[PDB]
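**Q** Can you keep this structure in mind? I'll have questions shortly.
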Amino acid sequence: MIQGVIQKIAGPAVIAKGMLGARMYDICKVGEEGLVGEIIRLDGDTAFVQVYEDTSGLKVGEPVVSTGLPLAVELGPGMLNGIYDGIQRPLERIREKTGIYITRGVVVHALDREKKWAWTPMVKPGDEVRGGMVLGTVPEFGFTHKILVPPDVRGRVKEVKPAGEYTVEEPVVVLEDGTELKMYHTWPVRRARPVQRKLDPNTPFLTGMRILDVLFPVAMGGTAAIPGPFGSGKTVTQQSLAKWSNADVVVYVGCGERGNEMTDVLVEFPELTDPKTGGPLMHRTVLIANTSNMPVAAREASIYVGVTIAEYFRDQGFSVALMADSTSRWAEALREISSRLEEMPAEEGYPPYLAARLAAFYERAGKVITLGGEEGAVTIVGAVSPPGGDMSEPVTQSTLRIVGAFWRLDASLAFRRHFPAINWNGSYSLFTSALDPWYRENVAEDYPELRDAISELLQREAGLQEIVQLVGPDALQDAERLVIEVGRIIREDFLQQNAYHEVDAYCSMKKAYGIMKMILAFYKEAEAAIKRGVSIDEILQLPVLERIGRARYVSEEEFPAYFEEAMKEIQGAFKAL
Amino acid sequence: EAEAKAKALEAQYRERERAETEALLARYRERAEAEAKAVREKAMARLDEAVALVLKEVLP
Amino acid sequence: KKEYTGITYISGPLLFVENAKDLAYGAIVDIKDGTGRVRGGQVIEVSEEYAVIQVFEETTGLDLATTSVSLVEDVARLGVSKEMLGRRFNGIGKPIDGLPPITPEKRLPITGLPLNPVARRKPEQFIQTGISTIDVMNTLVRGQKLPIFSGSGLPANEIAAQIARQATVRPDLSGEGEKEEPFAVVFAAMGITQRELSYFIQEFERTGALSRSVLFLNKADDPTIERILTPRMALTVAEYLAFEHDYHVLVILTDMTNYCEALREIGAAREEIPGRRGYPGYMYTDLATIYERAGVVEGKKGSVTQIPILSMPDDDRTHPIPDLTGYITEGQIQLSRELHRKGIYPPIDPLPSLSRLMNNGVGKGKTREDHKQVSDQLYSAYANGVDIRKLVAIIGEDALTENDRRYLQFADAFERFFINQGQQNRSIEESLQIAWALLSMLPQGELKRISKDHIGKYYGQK
Amino acid sequence: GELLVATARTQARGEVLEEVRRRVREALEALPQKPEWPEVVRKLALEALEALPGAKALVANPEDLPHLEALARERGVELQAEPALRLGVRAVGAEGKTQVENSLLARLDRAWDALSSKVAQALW
Ligand SMILES: Nc1ncnc2c1ncn2[C@@H]1O[C@H](COP(=O)(O)OP(=O)(O)O)[C@@H](O)[C@H]1O
Ligand SMILES: [Mg+2]
């Protein structure tokens with residue numbers, strides 16, 4: 001096709017000469033072992049192929065063969081219950097071929113081929129299919145996995161093979177031309193799958209965390225940025241989101257985060273149960289894994305592959321979450337291969353176009369109505385690891401301008417084990433306004449009122465923390481030490497959640513409504529009873545709020561009757577003071 | 001008595017404004033359709049000579 | 001019609017073009033890939049040997065064999081007409097509203113010119129903006145450029161939409177000149193989330209207050225050079241309308257922080273040295289270039305008011321973006337987290353927020369003759385309401401004087417009857433009326449900033 | 001209601017201009033088989049020469065290879081015949097890395113905004 005020879009090797013950057021006329025971003029095959037690579041910066045004869053495996057033992061003179069295609073995923077049925085890496089190579093197949101190490105140069109297919117799927121046809125012959133009309137259905141572990149017409153394909157279907165047992169190569173629908181439409185299709189990772197019309201966020205993403213569903217919500221077509229210092233509960237939070245939220249599929253894109261926190265994901269998701277139906281939880285996660293010692297140019301490819309697989313499961317009417325941890329490792333991969341272009345870098349060392357990349361990645365979210373007519377939605381939760389542990393970087397303050405739902409962690413709440421360590425004082429969420437219709441018609445009628453009262457009590461507490469650390473929690477007025485102690489009991493009951501306890505891991509929103517109604521019934525009638533004139537020692541030793549402190553550990557079956565009786569005792573233990 | 005007369009006048013004036021909005025609504029649909037006809041009628045009588053103008057500019 | 005083929009050296013956002021010298025500096029080019037797709041580029045660094053083109057969009061399909069460039073519109077311009085007041089545009093000037101494109105009367109260069117400093121007068125009238133704590137305590141005169149220093153998660157775009165569909169001149173409050181001026185909102189959002197873009201399309205076309213406005217919008221995923229060119233477009237359209245057709249025009253520049261980040265990441269493309277804290281050194285001049293193109297003109301009958309809304313980066317006032325903005329503009333108004341999440345909308349707070357030109361925009365026949373004294377009085381009364389409300393935590397309700405508890409009740413009810421506006425179209429007479437209803441809870445005589453004429457006339461009524 | 005009225009008016013305005021542009025396009029694409037076009041091609045041919053002095057090659061429609069032969073040898077240039085370039089010519093100048101293009105369709109696509117303002121004035 002196009003032959004060239006290697007002019008220069010340095011690290012993961014191979015300058016290959018003689019390639020007069022390849023395009024940018026076309027995958028090269030570098031060296032006799034067939035290393036995957038990617039063209040940037042071509043000037044006349046040369047081209048600048050970065051490589052996705054470690055060059056060692058590659059030498060100059062060795063050939064370089066281009067392809068002409070940009071980086072293409074193979075989409076189709078066969079990606080659920082899956083672990084891949086940054087260029088969509090299945091790691092169970094790599095373990096079957098190699099030993100326990102990942103030898104470079106391997107060719108494996110992105111979807112297995114001998115597995116006989118079970119075609120059910122949909123369209124009669126003679127129809128004029130547009131790009132995105134569905135063709136047939138395949139049962140793929142309890143999901144009626146559709147098979148689209150690929151985008152930008154138009155015609156009239158001549159033949160359809162009947163309701164049988166087939167394979168993913170075999171062309172099921174041939175158009176009038178002879179342009180045939182097999183099950184899989186490739187798609188470039190750098191183009192968003194062109195959608196019909198993008199709807200507005202008006203429906204929540206029920207996480208399971210309490211604070212991340214009551215104080216700081218994510219809508220359905222929303223984005224959410226979780227930055228934090230090292231050792232602050234990012235990945236336990238994101239495994240909780242993958243484990244308990246209401247998404248149809250979850251795309252976990254490990255990008256630079258370590259090995260064991262995807263090893264254990266492969267070990268403990270096959271025993272879990274989906275909260276939506278009875279399927280095993282590993283039958284709804286696509287899992288792209290680029291660990292750190294896996295090569296340091298593949299990180300860009302891993303995040304773009306994960307987001308375009310999520311966009312494919314958006315087109316099929318599902319509802320996808322994408323949990324991309326350590327986006328700043330993708331920023332570091334761009335810095336490292338922007339250190340061999342020897343260009344002039346921006347602030348901090350990063351390349352200039354970093355905010356252009358983060359915008360072009362976070363703008364594939366949003367609930368859409370698709371090409372097929374059915375609607376879907378990708379939501380994206382992206383973690384950010386700052387270098388200093390300081391949200392004043394070119395990563396975090398480029399990613400906090402294009403997202404709602406910013407969940408700023410801190411170290412001081414995670415030094416003592418108060419988990420999750422959401423710094424309440426600097427987090428926000430832009431979906432509180434435009435979701436209150438759903439809250440009213442599905443949780444309770446007075447939910448905005450109760451939530452805003454929780455918000456203003458926490459604000460009043462964090463306004464009085466100034467005085468209480470400048471003077472001391474004695475020599476105060478007794479009508480605000482109740483404010484500080486109700487802030488203390490809301491931080492020890494409503495916000496603080498241990499993921500490893502058998503209950504209180506998951507918490508649907510009627511339980512959070514119950515706990516907030518308990519806490520504010522207590523505060524309302526307690527400020528009543530202190531304007532009658534009582535102690536404040538006499539409030540902080542009632543036998544009515546050990547009930548409150550245990551009232552996050554009852555299950556979601558006992559919680560109605562338990563709620564009625566705790567509410568009764570709170571209403572009945574204040575006239576006796 | 002006062003709140004009953006309040007909501008009675010409320011519902012009556014709801015329906016009155018509904019009739020107002022629907023009347024001016026259909027009036028302006030017919031208005032825009034009549035004006036679309038009134039302009040596309042004017043389109044035809046100066047077509048070929050304007051095409052000769054643009055053809056004489058493009059082919060100079 | 002003149003392709004310069006024969007290009008070498010693509011590199012990220014920069015492609016070089018050999019043997020070209022008719023490329024004017026700062027020209028716009030169609031880059032045609034060999035498979036029939038067109039992109040935009042801006043010519044920089046045109047020399048004898050070659051000419052650099054910073055490509056607008058991404059560079060993916062380009063090559064060296066089949067890739068041509070060609071010149072269009074050799075200095076950056078837009079086609080302006082008077083009939084663009086129901087439209088949206090994509091930063092460049094192409095519509096995204098589906099209506100067929102305009103018939104351009106004039107063709108103006110999007111880089112402006114500085115006004116002649118003898119040819120302007122001072123701003124002397126006012127505007128109402130619906131917001132009570134803007135209309136009363138820091139007035140927007142016609143010619144002023146006051147920025148809204150938002151936070152990060154605060155509503156700034158909601159106050160943008162509210163001022164956009166609620167601003168109105170009040171010539172009836174004047175000595176009754178003509179209504180021959182209409183009003184025009186030029187609304188330029190740069191770097192938005194696209195959720196907010198859905199918010200702006202529905203919150204403009206909802207109330208039918210799109211018909212006196214023009215929306216230059218661009219998303220975040222649109223390329224960075226449109227986020228450079230957008231306020232040039234909006235201020236030259238507004239400058240056209242207000243000095244050629246006599247409209248009082250309000251220009252709302254959304255999210256100047258997104259602009260300055262794009263200016264940094266386009267300064268670092270063509271390889272110039274960033275100066276202080278990563279920003280280019282000429283940020284003061286380039287930013288004053290799009291602030292100081294507003295203001296009244298001697299003899300003509302127009303005025304260009306300008307509201308730059310900007311997020312603070314890490315909510316401090318020592319960053320280059322709000323530091324230079326407050327170092328160019330006319331005062332500032334400032335939102336606050338505290339009011340916002342003890343639950344208040346719009347969450348302007350009137351303690352740290354001032355206007356320079358208010359003393360020229362109120363008074364005898366301007367809005368109402370007692371205005372400035374009520375402004376100073378509300379400022380001092382809420383000033384000694386806040387800290388007495390903070391002191392009462394450690395002394396007690398029943399261990400103060402009596403007028404100080406009147407101040408505490410005044411401040412606590414003030415920040416939910418005066419600032420907690422909601423969404424009603426609050427006029428200037430209604431807002432001064434509620435300001436006197438709030439001042440009535442203070443005792444007469446303690447109002448030590450107003451003479452007894454306006455006291456005996458207005459005070460007393462709750 | 002007034003804004004919908006203005007929408008309908010500007011819609012009608014734009015579609016009348018689309019009618020004008022379409023009939024100009026049809027007159028242009030009906031030019032090259034009506035008895036004028038070997039007088040059409042010479043003007044834009046020599047102007048494609050004079051817009052880039054020092055040419056080496058021209059290439060255009062091979063239907064009038066005679067009128068591009070015996071009226072361009074005095075122009076002193078290669079002529080090579082490649083169709084698909086309707087109504088015009090293009091001139092490849094020196095060192096093979098510049099190509100001036102010249103077509104009435106291209107001139108329409110370059111001049112239609114200015115002529116659209118002018119036609120809207122002289123029409124409404
Ligand atoms: N929700 C939680 N409840 C209890 N402990 C937690 C929770 N989240 C995190 N932790 C503790 O903090 C540690 C953080 O792990 P990890 O998220 O990998 O660190 P990082 O936040 O740096 O990614 C966990 O191993 C766990 O011990
Ligand atoms: Mg992690």
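Ordering of the structure tokens sets the chain letters (A, B, ...), residue numbers begin anew at 1 in every chain, and ligands are numbered from 1 in the order given.
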For chain B versus chain D, which residues have an atom no more than 6 Å away, and what is each residue's nearest atom pair and distance in Å rounded to one decimal, using only C-alpha atoms, chain-then-number order, as CSV?

**A**
```
residue,atom,partner,partner_atom,distance
B:32,CA,D:5,CA,5.4
B:36,CA,D:12,CA,5.8
B:43,CA,D:16,CA,5.9
B:51,CA,D:24,CA,5.2
B:58,CA,D:107,CA,5.9
```

**Q** Please check which protein, DNA or RNA residues sit within 12 Å of ligand 2, counting only C-alpha atoms and all ligand atoms, and write them as JSON, numbers by chain.

**A** {"A": [226, 227, 228, 229, 230, 231, 232, 233, 234, 235, 236, 237, 238, 239, 252, 253, 254, 255, 256, 257, 258, 259, 260, 261, 262, 291, 292, 323, 324, 325, 326, 327, 328, 329, 382, 383, 384, 385, 386]}

**Q** If you count only C-alpha atoms, which residues fall within 6 Å of residue 385 of chain C, apart from same-chain ones fewer than 5 positions away, as number ranges by chain?

**A** C: 407-408, 411

**Q** Okay, now the selection with C-alpha atoms, as an mmCIF file, in the first residue's frame?

**A**
```cif
data_model
loop_
_atom_site.group_PDB
_atom_site.id
_atom_site.type_symbol
_atom_site.label_atom_id
_atom_site.label_comp_id
_atom_site.auth_asym_id
_atom_site.auth_seq_id
_atom_site.Cartn_x
_atom_site.Cartn_y
_atom_site.Cartn_z
ATOM 1 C CA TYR C 407 -31.106 46.407 62.259
ATOM 2 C CA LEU C 408 -30.933 42.626 62.683
ATOM 3 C CA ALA C 411 -31.079 42.728 57.366
#
```

**Q** Hey, list the chain A side of the contact with chain C: 8 Å cut-off, only C-alpha atoms, answer as a VMD selection string.

**A** chain A and resid 20 to 25 40 to 44 200 to 201 344 to 347 352 to 353 356 359 to 360 363 392 397 401 to 403 428 to 430 452 455 to 457 459 to 460 475 to 477 480

**Q** Given the selection you just returned, output its residues as a file containing N, CA and C atoms, formatted as a compact mmCIF listing (two decimals), in the first residue's frame.

**A**
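Wrote out_15.txt, looks like this:
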```
# COMPACT_ATOMS: atom_id res chain seq x y z
N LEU A 20 5.62 9.03 1.32
CA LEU A 20 5.11 10.19 0.60
C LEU A 20 3.65 9.95 0.27
N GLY A 21 2.77 10.49 1.10
CA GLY A 21 1.37 10.55 0.79
C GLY A 21 0.42 9.72 1.64
N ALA A 22 0.80 9.35 2.85
CA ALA A 22 -0.21 8.83 3.75
C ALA A 22 -0.90 9.99 4.44
N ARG A 23 -2.09 9.73 4.96
CA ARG A 23 -2.83 10.79 5.61
C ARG A 23 -2.46 10.85 7.08
N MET A 24 -2.97 11.87 7.76
CA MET A 24 -2.84 11.89 9.20
C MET A 24 -3.75 10.86 9.84
N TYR A 25 -3.38 10.45 11.05
CA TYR A 25 -4.16 9.58 11.93
C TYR A 25 -4.48 8.23 11.31
N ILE A 40 1.14 11.11 13.16
CA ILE A 40 1.01 12.54 13.34
C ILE A 40 2.23 13.19 12.69
N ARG A 41 2.08 14.48 12.36
CA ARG A 41 3.17 15.37 11.93
C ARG A 41 3.96 14.81 10.75
N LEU A 42 3.34 14.81 9.60
CA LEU A 42 4.07 14.45 8.40
C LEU A 42 4.53 15.69 7.65
N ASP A 43 5.80 15.69 7.25
CA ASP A 43 6.43 16.80 6.54
C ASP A 43 7.22 16.30 5.33
N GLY A 44 6.56 16.28 4.18
CA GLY A 44 7.21 15.84 2.97
C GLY A 44 7.38 14.34 2.91
N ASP A 200 -32.89 17.36 26.37
CA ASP A 200 -32.47 18.07 27.57
C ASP A 200 -32.49 17.16 28.80
N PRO A 201 -31.58 17.38 29.74
CA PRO A 201 -31.56 16.56 30.96
C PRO A 201 -32.71 16.84 31.92
N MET A 344 6.36 23.78 21.37
CA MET A 344 6.32 24.64 22.53
C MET A 344 5.06 24.34 23.34
N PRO A 345 5.18 23.87 24.57
CA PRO A 345 3.99 23.47 25.33
C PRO A 345 3.33 24.67 25.99
N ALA A 346 2.11 24.44 26.46
CA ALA A 346 1.32 25.44 27.17
C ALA A 346 1.74 25.55 28.63
N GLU A 347 0.88 26.13 29.45
CA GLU A 347 1.06 26.13 30.90
C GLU A 347 1.18 24.71 31.43
N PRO A 352 -1.09 22.59 23.97
CA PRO A 352 -2.11 23.64 23.94
C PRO A 352 -3.54 23.14 23.82
N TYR A 353 -3.78 22.14 22.98
CA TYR A 353 -5.12 21.70 22.59
C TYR A 353 -5.80 20.80 23.62
N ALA A 356 -9.37 21.62 24.14
CA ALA A 356 -10.11 21.20 22.96
C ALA A 356 -10.40 19.71 23.00
N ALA A 359 -13.08 19.11 25.86
CA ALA A 359 -14.38 19.50 25.36
C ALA A 359 -14.91 18.48 24.37
N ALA A 360 -14.07 18.04 23.43
CA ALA A 360 -14.53 17.10 22.42
C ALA A 360 -14.83 15.72 22.99
N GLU A 363 -18.29 16.26 25.36
CA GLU A 363 -19.49 16.59 24.60
C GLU A 363 -19.93 15.45 23.70
N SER A 392 -6.25 23.52 40.93
CA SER A 392 -5.83 24.77 40.32
C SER A 392 -4.92 24.47 39.14
N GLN A 397 -9.21 22.82 36.09
CA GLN A 397 -9.84 24.08 35.73
C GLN A 397 -9.93 24.26 34.23
N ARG A 401 -15.35 23.67 33.63
CA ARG A 401 -16.14 24.66 32.93
C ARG A 401 -17.12 24.05 31.96
N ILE A 402 -16.99 22.76 31.68
CA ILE A 402 -17.82 22.09 30.69
C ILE A 402 -18.68 21.00 31.30
N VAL A 403 -18.69 20.89 32.62
CA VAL A 403 -19.48 19.86 33.28
C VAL A 403 -20.44 20.53 34.26
N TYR A 428 -20.70 21.31 43.64
CA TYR A 428 -21.94 21.87 43.11
C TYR A 428 -22.54 20.93 42.08
N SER A 429 -23.75 21.27 41.64
CA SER A 429 -24.46 20.47 40.65
C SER A 429 -25.52 21.33 39.99
N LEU A 430 -25.45 21.46 38.67
CA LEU A 430 -26.33 22.36 37.94
C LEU A 430 -27.62 21.71 37.48
N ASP A 452 -33.77 21.77 50.15
CA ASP A 452 -33.23 23.11 50.33
C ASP A 452 -33.09 23.46 51.80
N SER A 455 -29.83 21.92 52.74
CA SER A 455 -28.77 22.75 52.19
C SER A 455 -28.52 23.98 53.04
N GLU A 456 -29.58 24.68 53.43
CA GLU A 456 -29.36 25.89 54.20
C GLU A 456 -28.96 25.62 55.63
N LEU A 457 -29.32 24.46 56.21
CA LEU A 457 -28.75 24.12 57.51
C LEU A 457 -27.26 23.82 57.42
N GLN A 459 -25.25 25.12 55.20
CA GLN A 459 -24.60 26.40 54.96
C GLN A 459 -24.50 27.22 56.24
N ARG A 460 -25.55 27.18 57.07
CA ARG A 460 -25.52 27.95 58.30
C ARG A 460 -24.50 27.37 59.28
N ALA A 475 -19.11 29.22 75.61
CA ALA A 475 -19.44 30.64 75.58
C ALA A 475 -20.10 31.02 74.25
N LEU A 476 -21.27 30.41 74.05
CA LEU A 476 -22.10 30.62 72.88
C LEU A 476 -23.54 30.84 73.33
N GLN A 477 -24.42 31.10 72.38
CA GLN A 477 -25.85 31.10 72.67
C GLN A 477 -26.41 29.74 72.32
N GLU A 480 -27.83 28.33 68.73
CA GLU A 480 -26.99 27.98 67.59
C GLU A 480 -26.07 26.80 67.86
```

**Q** Please return, as a PyMOL selection string, all residues of segment 77-130 of chain A that DSSP assigns to alpha helix (DSSP H) on the basis of the backbone.

**A** chain A and resi 91-97

**Q** Those residues you just picked out, can you put them in a file as a CSV table (one decimal), in the first residue's frame with N, CA and C atoms?

**A**
```csv
chain,number,residue,atom,x,y,z
A,91,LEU,N,-8.7,-9.5,26.5
A,91,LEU,CA,-7.6,-10.0,27.3
A,91,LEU,C,-7.7,-11.4,27.7
A,92,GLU,N,-8.9,-12.0,27.6
A,92,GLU,CA,-9.0,-13.5,27.8
A,92,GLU,C,-8.4,-14.2,26.6
A,93,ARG,N,-8.5,-13.6,25.4
A,93,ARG,CA,-7.8,-14.2,24.3
A,93,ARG,C,-6.3,-14.1,24.3
A,94,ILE,N,-5.8,-12.9,24.9
A,94,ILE,CA,-4.4,-12.7,25.0
A,94,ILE,C,-3.9,-13.7,26.1
A,95,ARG,N,-4.7,-14.0,27.1
A,95,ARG,CA,-4.2,-15.0,28.1
A,95,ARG,C,-4.2,-16.4,27.5
A,96,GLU,N,-5.2,-16.7,26.6
A,96,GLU,CA,-5.2,-18.0,26.0
A,96,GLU,C,-4.0,-18.1,25.0
A,97,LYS,N,-3.6,-17.1,24.4
A,97,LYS,CA,-2.5,-17.2,23.4
A,97,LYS,C,-1.1,-17.1,24.1
```

**Q** Using 12 Å as the limit and counting only C-alpha atoms, can you tabulate each residue of chain C that touches chain D, with its shortest atom-to-atom distance in Å and the two atoms involved, as a tab-separated table?

**A**
```
residue	atom	partner	partner_atom	distance
C:1	CA	D:101	CA	4.5
C:2	CA	D:100	CA	4.0
C:3	CA	D:99	CA	5.1
C:4	CA	D:98	CA	4.7
C:5	CA	D:97	CA	5.1
C:6	CA	D:97	CA	4.6
C:7	CA	D:97	CA	8.2
C:8	CA	D:97	CA	11.1
C:17	CA	D:97	CA	9.9
C:18	CA	D:97	CA	8.1
C:19	CA	D:97	CA	7.7
C:20	CA	D:98	CA	8.5
C:21	CA	D:98	CA	11.5
C:22	CA	D:52	CA	11.2
C:64	CA	D:97	CA	11.4
C:65	CA	D:97	CA	10.7
C:66	CA	D:97	CA	11.2
C:67	CA	D:97	CA	11.0
C:68	CA	D:98	CA	9.0
C:69	CA	D:98	CA	9.8
C:70	CA	D:100	CA	9.6
C:71	CA	D:110	CA	10.9
C:72	CA	D:110	CA	8.7
C:73	CA	D:110	CA	10.1
C:78	CA	D:113	CA	11.4
C:79	CA	D:113	CA	8.9
C:80	CA	D:117	CA	10.7
C:81	CA	D:117	CA	9.5
C:83	CA	D:10	CA	8.8
C:84	CA	D:10	CA	10.1
C:85	CA	D:6	CA	10.0
C:86	CA	D:3	CA	7.7
C:87	CA	D:7	CA	9.7
C:97	CA	D:7	CA	10.6
C:98	CA	D:11	CA	9.5
C:99	CA	D:11	CA	6.2
C:100	CA	D:14	CA	5.1
C:101	CA	D:14	CA	7.0
C:102	CA	D:14	CA	7.9
C:103	CA	D:117	CA	4.6
C:104	CA	D:117	CA	5.6
C:105	CA	D:117	CA	6.6
C:106	CA	D:117	CA	9.2
C:107	CA	D:114	CA	9.6
C:205	CA	D:3	CA	9.5
C:206	CA	D:3	CA	11.5
C:207	CA	D:3	CA	10.9
C:208	CA	D:3	CA	7.2
C:209	CA	D:3	CA	9.2
C:210	CA	D:3	CA	8.2
C:211	CA	D:3	CA	6.1
C:212	CA	D:3	CA	9.7
C:213	CA	D:3	CA	11.6
```

**Q** Quick one: residues within 10 Å of segment 381-383 of chain C, only C-alpha atoms counted, chain neighbours fewer than 4 positions away excluded, as a VMD selection string?

**A** chain C and resid 350 to 351 376 to 377 387 to 388 407 to 408 410 to 412 414 to 415 439 442 447

**Q** Please, which residues of chain D, numbered as in this document, come out strand (DSSP E) from DSSP, as JSON, numbers by chain?

**A** {"D": [55, 56, 57, 58, 59, 60, 78, 79, 80, 81, 88, 89, 90, 91, 92, 93, 99, 100, 101, 102, 103]}

**Q** Produce a file of the selected residues containing N, CA and C atoms, as a compact mmCIF listing (two decimals), in the first residue's frame.

**A**
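Contents of out22.txt, as written:
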```txt
# COMPACT_ATOMS: atom_id res chain seq x y z
N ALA D 55 2.39 30.33 -16.75
CA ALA D 55 1.73 29.04 -16.69
C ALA D 55 2.50 28.00 -17.50
N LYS D 56 2.23 26.74 -17.21
CA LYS D 56 2.73 25.65 -18.03
C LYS D 56 1.64 24.79 -18.63
N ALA D 57 0.48 24.64 -17.98
CA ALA D 57 -0.52 23.73 -18.49
C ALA D 57 -1.91 24.29 -18.28
N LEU D 58 -2.81 23.96 -19.20
CA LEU D 58 -4.24 24.15 -19.04
C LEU D 58 -4.96 22.82 -19.21
N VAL D 59 -6.12 22.73 -18.58
CA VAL D 59 -6.93 21.53 -18.66
C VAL D 59 -8.40 21.91 -18.50
N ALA D 60 -9.24 21.38 -19.39
CA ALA D 60 -10.65 21.76 -19.49
C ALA D 60 -11.40 20.67 -20.24
N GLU D 78 0.81 24.05 -22.51
CA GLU D 78 0.23 22.73 -22.74
C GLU D 78 -1.28 22.80 -22.65
N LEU D 79 -1.94 21.95 -23.43
CA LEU D 79 -3.36 21.68 -23.31
C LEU D 79 -3.54 20.19 -23.11
N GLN D 80 -4.09 19.78 -21.98
CA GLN D 80 -4.42 18.37 -21.82
C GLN D 80 -5.89 18.23 -21.47
N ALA D 81 -6.52 17.21 -22.04
CA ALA D 81 -7.97 17.10 -22.05
C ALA D 81 -8.43 16.20 -20.91
N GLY D 88 -15.75 25.77 -18.11
CA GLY D 88 -14.57 26.54 -17.80
C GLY D 88 -13.23 25.94 -18.14
N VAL D 89 -12.24 26.21 -17.28
CA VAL D 89 -10.86 25.83 -17.53
C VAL D 89 -10.15 25.89 -16.18
N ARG D 90 -9.02 25.21 -16.06
CA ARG D 90 -8.12 25.53 -14.96
C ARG D 90 -6.68 25.48 -15.45
N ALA D 91 -5.89 26.38 -14.88
CA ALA D 91 -4.53 26.65 -15.31
C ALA D 91 -3.57 26.23 -14.21
N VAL D 92 -2.72 25.26 -14.52
CA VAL D 92 -1.63 24.85 -13.64
C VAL D 92 -0.41 25.67 -14.03
N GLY D 93 0.01 26.55 -13.14
CA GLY D 93 1.15 27.40 -13.38
C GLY D 93 2.47 26.69 -13.18
N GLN D 99 -2.72 26.06 -8.67
CA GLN D 99 -3.68 25.77 -9.72
C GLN D 99 -4.84 26.75 -9.65
N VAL D 100 -4.84 27.73 -10.55
CA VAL D 100 -5.97 28.64 -10.64
C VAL D 100 -7.10 27.90 -11.31
N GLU D 101 -8.29 28.03 -10.76
CA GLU D 101 -9.47 27.38 -11.30
C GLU D 101 -10.40 28.46 -11.82
N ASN D 102 -11.20 28.14 -12.84
CA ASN D 102 -12.05 29.16 -13.42
C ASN D 102 -13.29 28.49 -14.00
N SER D 103 -14.43 28.73 -13.38
CA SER D 103 -15.69 28.20 -13.86
C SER D 103 -16.81 29.17 -13.50
```

**Q** Leaving out residue 376 of chain A and any residue of its chain fewer than 2 positions from it, which residues lie within 10 Å of it when counting only C-alpha atoms, given as a PyMOL selection string?

**A** chain A and resi 198-199+220-221+311+313-320+366-370+373-374+378

**Q** Could you give me, as a list in words, the residues within 12 Å of residue 24 of chain C, counting only C-alpha atoms and dropping anything in the same chain fewer than 5 positions from it?

**A**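 Contacts, in chain order: residues 29, 42, 43, 44, 45, 46, 47, 51, 52, 53, 70, 71, 72, 73, 74, 75 and 76 of chain C.
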
**Q** Find the distance between atom CA of residue 126 of chain A and atom CA of residue 168 of chain A and write it in Å to one decimal.

**A** 23.2 Å

**Q** Please, what distance in Å, to one decimal, runs between atom CA of residue 521 of chain A and atom CA of residue 575 of chain A?

**A** 14.0 Å

**Q** Mind checking which residues fall within 7 Å of residue 133 of chain A, counting only C-alpha atoms, ignoring those fewer than 4 positions away in the same chain, and posting them as a VMD selection string?

**A** chain A and resid 129 148 to 149 371 to 372

**Q** Keeping only N, CA and C atoms, take the residues you just selected and write them out as a tab-separated table (two decimals), in the first residue's frame.

**A**
```tsv
chain	number	residue	atom	x	y	z
A	129	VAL	N	-34.08	1.12	3.75
A	129	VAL	CA	-33.52	1.41	5.06
A	129	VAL	C	-32.62	2.64	4.97
A	148	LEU	N	-28.03	-2.50	14.11
A	148	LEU	CA	-28.38	-1.31	13.36
A	148	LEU	C	-27.99	-1.46	11.90
A	149	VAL	N	-28.59	-0.62	11.07
A	149	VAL	CA	-27.89	-0.16	9.87
A	149	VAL	C	-26.79	0.79	10.31
A	371	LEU	N	-30.89	7.79	15.59
A	371	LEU	CA	-31.23	7.60	14.19
A	371	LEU	C	-32.41	6.64	14.03
A	372	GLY	N	-32.55	5.69	14.94
A	372	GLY	CA	-33.62	4.71	14.85
A	372	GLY	C	-34.97	5.19	15.32
```

**Q** Given only C-alpha atoms and all ligand atoms as the basis, pick out the residue of A:116, A:416, A:182, A:511 nearest to ligand 1.

**A**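 Distance minimum relative to ligand 1 lands on A:416.
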